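What follows is each chain in one-letter form.
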Amino acid sequence: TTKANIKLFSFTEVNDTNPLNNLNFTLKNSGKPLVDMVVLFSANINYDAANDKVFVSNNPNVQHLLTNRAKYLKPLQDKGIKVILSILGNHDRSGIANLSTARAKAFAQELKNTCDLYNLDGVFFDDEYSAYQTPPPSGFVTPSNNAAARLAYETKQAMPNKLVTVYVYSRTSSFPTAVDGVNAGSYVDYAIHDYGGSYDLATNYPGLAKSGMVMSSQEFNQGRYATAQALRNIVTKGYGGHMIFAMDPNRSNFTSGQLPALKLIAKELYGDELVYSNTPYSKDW
Ligand SMILES: [Zn+2]
């Protein structure tokens, strides 16, 4: 009748897959889409040495989708699916976890600009691949969860109506110290576990409610799947979401690995049945 209030996050590797594939899965009884949020993986954080500015760097694949958002993103949004832009390190001195307070304020502004320009629903922070320097260059600090917390906090302040989501990994795995006297629960909307993670996040992000905790993420390319027991645990403990990374009906493992997992999610999380459309969406770029 109605879809359970457990959000399914689907991370689409834009270098490989068309995000419209997220439309191909429906819940038989409720008639609703299986996927609640699509994360475009991923844009990058980069440093412009000339203007000493940190900026959102989009590779040709991300750019393609943003540029053509009426084609690739609007159809998701029209169905009520939220579209989130991931931000990842990109081999230079800048990253998610080493901005000074001033730089964090400036980057949060950049994020806000990007989200406004392309009508994005929020961001996902993943602190990986930056080439952090020692000692820290000018306007950068030693990488730390506290510096990451500052960025997440400034991002929320810049766009209070949009989603701020973080990875339970590296320096965004915990924000135990208030920022300007505000707790994590006040600026983080969702914290997403690394593959198979299932522990409670309340102490990692003080103030974060169970509804903001995304558990036992699956990796559909590598074939790292959740058990039925792990999914039932989400329902019985009252957690708010689940995540799947790199779903792609065009990959050779779809029938043998992906589909059975998607059917298990429909059953265990939503107590319903999966309907797969069988609509081709290829990387047409
Ligand atoms: Zn690279």
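Residues numbered from 1 in each chain as written, not as in the entry; some residues may be left out. Heavy atoms only, no water.

Its PDB header attributes the entry to X-ray crystallography and lists the resolution as 2.00 Å.

Next up on the list: the overall build of the chain. If you tally the helices and strands in the chain, you get seven helices and 11 strands. On C-alpha atoms alone, the chain measures out to a radius of gyration of 18 Å, which is about the 19 Å that the 2.2 N^0.38 rule sets for 285 residues. C-alpha atoms of the chain, sized along the principal axes, occupy 55 × 40 × 30 Å. Looking at the chain as a whole, 53% of its 285 residues qualify as buried. Counting contacts in the chain only where the partners sit at least 6 residues apart, residues at least 24 apart contribute 78% of the total. For the chain, the accessible area works out to roughly 11800 Å², and carbon and sulfur atoms hold 46% of it. Side chains of the chain carry 26 positive and 24 negative charges; the gap between the two charge centres is 5 Å. (Helix = DSSP H or I, 4+ residues; strand = E, 2+ residues; numbered from the N terminus. Rg over C-alpha atoms; globule rule 2.2 N^0.38 Å. Buried < 20%, exposed > 50% of the residue type's maximum accessible area, 1.4 Å probe, protein only. Contact = heavy atoms within 4.5 Å. Areas by Shrake-Rupley, 256 points an atom, 1.4 Å probe, with all protein chains shown as cover. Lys, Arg positive; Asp, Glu negative; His and termini not counted. Charge placed at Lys NZ, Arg CZ, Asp CG, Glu CD.)

The final tally for this structure, using the stated rule, is 10 salt bridges. With a shortest N-O distance of 2.3 Å, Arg103 and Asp52 are connected by a salt bridge. Here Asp52 lies in the loop between β3 (37–48) and β4 (53–57) and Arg103 lies in helix α4 (residues 101–118), a separation of 51 residues in the sequence. The buried category is assigned to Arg103, whose relative accessible area is 9%. (Salt bridge = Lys/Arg side-chain N within 4 Å of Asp/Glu carboxyl O.)

Take helix α7 (residues 254–270) next. The end-to-end C-alpha separation of α7 is 21 Å, well short of the 24 Å expected for 17 residues at 1.5 Å each. A positive backbone phi angle near 50 degrees is found at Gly271, which sits one or two residues after α7. (Expected span 1.5 Å × (residues − 1).)

Okay, the packing of α4 against helix α5 (residues 145–158) next. Between α4 and α5, whose axes approach to 8 Å, the crossing angle comes to 45 degrees. By the angle between their axes, α4 is oblique relative to α5. Like other packed secondary-structure pairs, α4 and α5 cross with a definite hand, here right-handed. Contacts between α4 and α5 pair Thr101, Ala104, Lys105, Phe107, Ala108, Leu111 and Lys112 from the former with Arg150, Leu151, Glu154, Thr155 and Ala158 from the latter. (Axes fitted to C-alpha atoms, helices over the stretch in contact; angles between N-to-C directions. Parallel < 35°, antiparallel > 145°, perpendicular 65-115°, else oblique. Left-handed = near helix turned anticlockwise from the far one by under 90°.)

This brings us to the packing of aromatic side chains. Counted under the stated rule, the structure contains 17 aromatic pairs. Among the aromatic side chains, those forming a connected cluster through ring pairs are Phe11, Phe41, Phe124, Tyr167, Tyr169, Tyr195 and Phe245. The aromatic ring of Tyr270 is capped on one face by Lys3, whose charged end is 5.0 Å from the ring centroid. (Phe/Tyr/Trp six-rings, centres within 6.5 Å; stacked < 30°, edge-to-face > 60°. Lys NZ or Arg CZ within 6 Å of the ring centre and 35° of its normal.)

A word on the UniProt feature "domain: GH18" in the chain. UniProt feature "domain: GH18": in the numbering of this structure it lies at residues 6–272. Along residues 6–272 the backbone is 28% helical and 23% strand, and the end-to-end C-alpha distance reaches 13 Å. (UniProt positions renumbered as here; feature names shortened; annotations may be inferred.)

Before going further, it helps to examine unusual backbone geometry. Looking along the chain, the bond that leaves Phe41 and enters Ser42 is cis, with omega of 0 degrees. Tracing the backbone through its elements, the reader meets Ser42 in strand β3. A cis amide bond links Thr134 to the next residue, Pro135, at an omega of 0 degrees. Relative to the helices and strands, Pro135 resides in the loop between β6 (122–126) and α5. A positive phi angle, near 45 degrees, is found at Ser216, a position not held by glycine. With respect to the helices, strands and loops of the structure, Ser216 is situated in strand β9 (residues 213–219). One non-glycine residue, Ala246, adopts positive backbone phi at about 65 degrees.

Our next topic: the layout of surface pockets. Empty pockets left among the atoms are what a rolling probe the size of a water molecule brings to light. Taken as a whole, the largest pocket holds about 270 Å³ of empty space. For the largest pocket, the lining is made up of 19 residues, of which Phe41, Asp126, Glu128, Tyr129 and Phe245 are closest to its centre. The set of elements that each furnish at least two residues to the lining of the largest pocket consists of β1 (7–13), β3, β6 and β10 (241–245). Of all the elements, β3 adds the most residues to the lining of the largest pocket, at three residues. One number sums up the size of the second largest pocket: a volume of about 150 Å³. As for the second largest pocket, its lining consists of 13 residues, of which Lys7, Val35, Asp36, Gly80 and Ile81 are closest to the centre. Across the lining of the second largest pocket, the residue classes break down as six nonpolar, one polar and six charged. (1 Å grid on protein atoms, 1.4 Å probe; cavity = no way out; pocket = protein on both sides within 12 Å on 5 of 7 lines; lining within 4 Å. Points joined across faces, edges and corners; volume = space filled by probe spheres on them. Nonpolar A, V, L, I, M, F, W, Y, C, P; charged D, E, K, R; others polar.)

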